Amino acid sequence: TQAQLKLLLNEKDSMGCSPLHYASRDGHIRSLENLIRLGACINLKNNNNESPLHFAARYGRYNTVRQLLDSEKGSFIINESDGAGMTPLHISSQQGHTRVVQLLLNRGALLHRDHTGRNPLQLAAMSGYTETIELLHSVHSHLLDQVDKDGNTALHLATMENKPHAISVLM
Amino acid sequence: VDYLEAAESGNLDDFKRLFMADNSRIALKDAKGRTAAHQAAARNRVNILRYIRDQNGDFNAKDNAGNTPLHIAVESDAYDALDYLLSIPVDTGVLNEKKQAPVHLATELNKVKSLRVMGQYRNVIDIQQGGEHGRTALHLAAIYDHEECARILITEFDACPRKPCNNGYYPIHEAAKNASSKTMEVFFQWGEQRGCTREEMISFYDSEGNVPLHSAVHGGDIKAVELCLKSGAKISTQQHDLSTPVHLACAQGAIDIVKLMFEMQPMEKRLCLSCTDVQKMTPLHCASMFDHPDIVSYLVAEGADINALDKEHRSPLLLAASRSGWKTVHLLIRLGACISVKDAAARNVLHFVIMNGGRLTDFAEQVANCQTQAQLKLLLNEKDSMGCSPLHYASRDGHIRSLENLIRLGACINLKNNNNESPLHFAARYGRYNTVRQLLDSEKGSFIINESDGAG
Amino acid sequence: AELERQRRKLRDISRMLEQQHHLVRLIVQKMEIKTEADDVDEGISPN
Amino acid sequence: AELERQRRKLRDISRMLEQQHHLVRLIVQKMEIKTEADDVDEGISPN
C-alpha cells in the first residue's frame with residue numbers, strides 16, 4: 001500500500017495537528033526520529049499557525065527540541081513566528097523553561113519583537129520566572145529597558161499582574 | 001428543499017420552475033445547511049443563478065463563516081460562474097470568519113486561473129484590501145511561495161509592494177523571512193516594469209529598521225541572500241540595534257553566508273568588521289560569544305581586530321571564556337590573543353576558567369606550547385578589584401581538582417586581599433573540608449595554620 | 001499541637017534518606033568515577 | 001483540618017523509603033563489607 005499511502009504522515013486532524021505535533025507535544029523521543037526519517041514535514045502549521053517546534057518549546061521538551069534543530073530544515077525553523085508573532089524563544093521563555101532558552105541561544109536564535117511589541121524579557125517578567133530574566137540579561141544586556149508598542153517597560157508589566165519577586169530583581 | 005438538488009443538477013428552466021415552487025414552498029432566499037442558494041454557483045449553475053438574478057435573489061450569503069456567493073465559488077472550482085458574478089456589480093469586499101476577501105482565497109489556495117477571471121474586470125475589486133492582520137493580497141503570495149499568483153497580481157492588477165501590514169512588514173520582507181527564493185525573483189525583475197524599482201524595494205524599513213538583507217538571514221537561506229546582493233544591497237546598513245547583517249550571520253554560525261557577502265562586496269570589509277553596534281560588539285565578538293570556532297578562524301584571516309575591547313571592557317578571549325566556550329579560547333590563544341587583558345572588575349582569563357569549571361591543566365598546556373609561558377605566569381598571582389587572586393576563587397567555591405593545579409604550578413599560598421584574608425580564611429569560613437586539608441599538608445602549611453586577618 | 005508531627009517527617013529523612021545517599025555513593029565508588037559529585041567539596045555555597 | 005495531610009508524608013516514607021533502605025543494603029551485602037552500618041546494632045541510642 002506504501003506506493004503512495006504515506007500522505008497520512010502529513011494529514012491534519014480537526015484541530016489541524018499532524019501526527020508530528022502529537023509526538024512533540026507528548027515527549028516520545030524514539031518515535032519522533034521515525035517520523036523525521038520517513039519524511040514527515042517539519043514546518044507544518046495547525047490552525048493557530050504553530051509548528052511542532054512551537055509545541056516542543058512550550059512544554060519544555062528538551063531532547064525533542066535538540067533533535068529537531070540538527071536535522072535538515074533546522075536553520076529555517078530556529079526563529080519562525082506563529083499567529084501571535086512569537087518565536088520559540090518567546091514561547092520557551094514565557095513558560096520559564098530555562099534549559100530550552102539556554103539551548104536556543106547557543107544555536108543562534110535571533111531577537112525581534114512580537115506583534116504586541118515585547119522582547120523575550122518582557123514576557124518572562126510578566127510571568128514570575130526570575131531564573132530566565134537573569135539568564136537573558138547576562139547574554140543580551142541591552143533588552144532590559146526597551147519598550148513595547150504601549151510604552152511599557154519590563155517593570156510595568158511585572159507590576160500590572162503582581163509578581164513581587166520579579167520586581168526586586170528587575171530593580 | 002426542492003431547489004437544493006434542482007439548481008445543483010438541473011439548473012435550466014425546470015429547476016427555475018422548481019425554484020418557483022421552492023419560492024412557493026416557503027419563500028425565496030430560505031436558509032439551508034450551508035446558506036441561501038449558495039449551492040447554485042458551487043456547481044457552476046449559470047442559468048439557475050440567472051433565474052435567481054431574474055427573481056432578484058440575495059447577493060450576500062452568511063454560510064456559517066460568512067463565505068459569500070463569490071467566495072463560495074472560488075473556494076470550489078467555479079471558473080465560469082464568476083464571469084457572470086463579476087459582470088453583475090456584486091460587492092467584492094466582504095470578509096469571512098478568517099478575515100478573507102475573495103481575492104485572498106485565489107492566492108492562498110493557488111487558484112491560478114481564478115485570478116485571471118478576476119483580471120478581466122479589475123475595477124469592481126480592490127487589491128490593496130486588508131486581510132488577516134492587514135496582510136494585503138501580495139503578502140499571502142509571498143508567504144506561501146506562490147510565484148505564479150504573484151506573477152499575475154503585479155503585471156495585470158498593477159500592484160507594487162508599498163503597503164505595509166499592521167506590524168510593519170512589506171511583502172519583500174515576508175518573502176525573505178520565509179525563504180521564498182522563487183517569489184523574490186519576480187519582484188526584483190518583473191516588478192521593475194511598473195514603477196517600483198530594484199533600488200527602491202531594497203531600502204524598505206521594518207518596524208525595527210530591518211532592510212530586507214537583514215530578513216534574508218533570519219530565514220537562513222543562502223539563495224535568498226544572493227538575490228539581495230545582486231540587486232545592490234550594502235552590508236553596512238544598521239538596524240535600530242545598530243547591527244549589520246554581518247552581526248546577524250556569525251551569531252548563527254552560517255559560515256557559508258559570511259564568506260559569500262565578502263566575495264560580492266570586497267569594499268565593505270573595512271567599513272564593516274570594525275562596526276561596533278549597541279553593546280559595542282565587533283563581528284568577531286559575536287562569533288566567539290556563541291562558540292563558533294570556524295568563523296573566528298576566518299575573520300582573523302581577513303584581518304580582524306583580535307583583541308578589541310567593548311562595553312564592559314572585554315576582549316574576545318575574555319568574552320569567549322565567560323560563556324564557557326572552551327573550544328574557542330584554545331584557538332584564540334594559539335593565534336595571538338594577548339593574554340594580559342582585564343575587564344571592568346580586573347578579572348583576567350584565569351578568574352573565568354576557575355569560576356566556570358573549566359579544565360586548567362590543558363589550558364596551561366596551551367600557553368606553554370604557544371611559548372608565552374616564558375614569564376606569563378604572573379597572572380596566577382594577579383588580584384582583581386576586590387583583591388582576590390584566582391586561588392581565592394578556588395577555595396571559596398569548592399573545586400578540589402583545580403585547587404591542586406594552582407598549587408602545582410606555583411601560585412602563592414598566603415596572598416591576602418584588601419581585608420587581609422588568605423585563601424585558608426576563605427576555606428575555613430565556608431566549611432570546605434577537603435580544601436583545608438590539602439592546603440595544610442603542602443609546603444608553607446605550617447606557616448599558615450595560625451595566621452590572623454584584619455580583624456585578628 | 002501538630003508541631004510534633006512536623007518532626008516525624010524529618011526523623012526519617014535525616015536517618016534513613018541521609019544514610020541512603022551514602023550507601024549508593026559507596027556503590028559507584030567501586031565501578032566508575034562520577035563527575036558531578038566528587039569534583040566539588042562539602043560545605044555551604046556562598047550564594 | 002490539614003492534619004490528614006500530615007500523615008500522607010509519612011504514609012510513603014515509611015513504606016517505600018523505609019523499604020528502600022533495605023533494598024540497597026541487600027545489594028552491598030553481595031559485593032563488599034560496609035563498615036559504618038554493620039558494626040553497630042539495632043535500637044535506640046541512649047543519648
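Cut-offs used in this document
- Residues numbered from 1 in each chain as written, not as in the entry; some residues may be left out.
- Chains lettered and ligands numbered in written order.
- Part of a larger assembly, values for the part shown.
- Heavy atoms only, no water.
- Residues with missing side-chain atoms left out of burial classes, pairs and counts.
- Helix = DSSP H or I, 4+ residues; strand = E, 2+ residues; numbered from the N terminus.
- Rg over C-alpha atoms; globule rule 2.2 N^0.38 Å.
- Contact = heavy atoms within 4.5 Å.
- Buried area = accessible area lost by both parts, 1.4 Å probe.
- Salt bridge = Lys/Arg side-chain N within 4 Å of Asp/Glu carboxyl O.
- Polar contact = N/O pair within 3.5 Å; in protein donor to acceptor, adjacent residues only side chain to side chain.
- Nonpolar A, V, L, I, M, F, W, Y, C, P; charged D, E, K, R; others polar.
- Buried < 20%, exposed > 50% of the residue type's maximum accessible area, 1.4 Å probe, protein only.
- Axes fitted to C-alpha atoms, helices over the stretch in contact; angles between N-to-C directions.
- Parallel < 35°, antiparallel > 145°, perpendicular 65-115°, else oblique.
- Left-handed = near helix turned anticlockwise from the far one by under 90°.
- Disulfide = S-S within 2.5 Å.

Per the PDB entry, chain C goes by the name Transient receptor potential cation channel subfamily A member 1 and belongs to Drosophila melanogaster.

Naming follows the PDB entry, where chain B appears as Transient receptor potential cation channel subfamily A member 1 of Drosophila melanogaster.

A. Structural view of the overall build of chain B. A tally of helices and strands in chain B yields 27 helices and 0 strands. Against the globule reference of 23 Å for 456 residues, chain B gives a C-alpha radius of gyration of 36 Å, more extended than a compact globule. Dimensions of chain B, computed from C-alpha atoms along their principal axes, come out at roughly 115 × 50 × 30 Å. Across chain B, every contact between residues at least 6 apart in sequence was considered, and the portion connecting residues at least 24 apart equals 69%.

B. Spotlight on the interface of chain C and chain B. Taken residue by residue, the interface counts 8 residues in chain C and 12 residues in chain B. Together chain C and chain B conceal approximately 720 Å² of surface at their shared face, both sides included; 46% is due to carbon and sulfur atoms. On inspection of chain C and its partner chain B, the count reaches 0 salt bridges. Connecting chain C to chain B are 5 residue pairs in polar contact. Here the residues of the side of chain C that touches chain B sort into 3 nonpolar, 2 polar and 3 charged.

C. Quick peek at unusual backbone geometry. For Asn162(A), which is not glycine, the phi dihedral falls at a positive 65°. Among the structural elements, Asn162(A) can be located in the segment after α9 (154-157). The exposed category is assigned to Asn162(A), whose relative accessible area is 63%. In this structure, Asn64(B) is a non-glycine residue whose phi angle is positive, near 65°. One can find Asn64(B) in the loop between α3 (46-54) and α4 (69-75).

D. Structural context of the packing of helix α25 (residues 400-408) of chain B against helix α27 (residues 433-440) of chain B. Residue and element names in this part refer to chain B. Axis separation between α25 and α27 bottoms out at 10 Å; the angle between their running directions is 20°. Judged by the angle between their axes, α25 and α27 are roughly parallel. In this structure, the crossing between α25 and α27 has a hand that is right-handed. Of the residues in α27, those touching α25 at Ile400, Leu403, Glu404 and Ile407 are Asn434, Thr435, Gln438 and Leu439. When its residues are assigned to classes, the contact of α25 with α27 shows 4 nonpolar, 3 polar and 1 charged.

E. Highlighting the state of the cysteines. Residue and element names in this part refer to chain B. Inspection of every chain in the model, using the stated rule, returns 1 disulfide over all chains. In this model, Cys160 is linked to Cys196 through a disulfide, with the two sulfur atoms separated by 2.0 Å. The disulfide joining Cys160 to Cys196 has a torsion of about -65° about its S-S bond and is therefore left-handed. Separated by 36 residues along the polypeptide, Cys160 in the loop between α9 (147-155) and α10 (171-177) and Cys196 in the loop between α11 (183-188) and α12 (198-201) bring together distant segments of the chain. According to the relative accessible area criterion, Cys196 is buried, its value standing at 2%. Free of any disulfide, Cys286 has its nearest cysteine sulfur in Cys250, 6.5 Å distant.

F. Summary view of the pattern of salt bridges. Throughout the structure, instances matching the rule amount to 16 salt bridges over all chains. In this structure, the salt-bridge partner of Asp148(A) is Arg118(A), at a minimum N-O distance of 3.7 Å. Note that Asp148(A) is positioned in the loop between α8 (132-139) and α9 and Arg118(A) in the loop between α6 (98-106) and α7 (120-126), a separation of 30 residues in sequence. For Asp148(A), a relative accessible area of 6% gives the class buried. On the basis of relative accessibility, which here comes to 18%, the residue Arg118(A) falls in the buried class. With a closest N to O distance of 3.9 Å, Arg116(B) and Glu148(B) form a salt bridge.

G. Fine view of the interface of chain A and chain B. Contact residues are listed per partner, giving 16 residues for chain A and 19 residues for chain B. Of all residues in chain A, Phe76(A), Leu110(A) and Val139(A) bury the most surface against chain B, accounting for 30% of the area lost on that side. For the pair chain A and chain B, the number of links is 0 salt bridges. Taken together, the links from chain A to chain B amount to 4 residue pairs in polar contact. Considering each element in turn, the side of chain A that touches chain B owes the most residues, 3 residues, to α6(A).

H. Broad picture of the environment of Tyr393(B). Residues and elements named next belong to chain B. Position of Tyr393 among the secondary structure elements: in helix α24 (residues 390-396). Spatially, the C-alpha atom of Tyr393 lies 7.2 Å from that of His351, the residues being 42 residues apart in sequence. In contact with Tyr393, other than residues within four places in its own chain, are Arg347, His351, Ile354, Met355, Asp384 and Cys388. Separated by 2.7 Å, the side chains of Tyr393 and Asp384 make a polar contact.

I. Looking closely at the environment of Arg432(B). Examined against the element boundaries, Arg432(B) turns out to sit in the loop between α26 (423-429) and α27. Relative accessible area serves as the criterion here: at 5%, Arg432(B) is assigned to the buried category. Distance from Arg432(B) to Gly195(B), taken between C-alpha atoms, is 75 Å for residues 237 residues apart in sequence. Residues in contact with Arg432(B), not counting those within four places in the same chain, are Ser395(B), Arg396(B), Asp397(B), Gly398(B), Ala427(B), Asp41(C), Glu42(C), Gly43(C), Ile44(C), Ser45(C) and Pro46(C). A distance of 3.3 Å separates a polar atom in the side chain of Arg432(B) from the backbone oxygen of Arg396(B).

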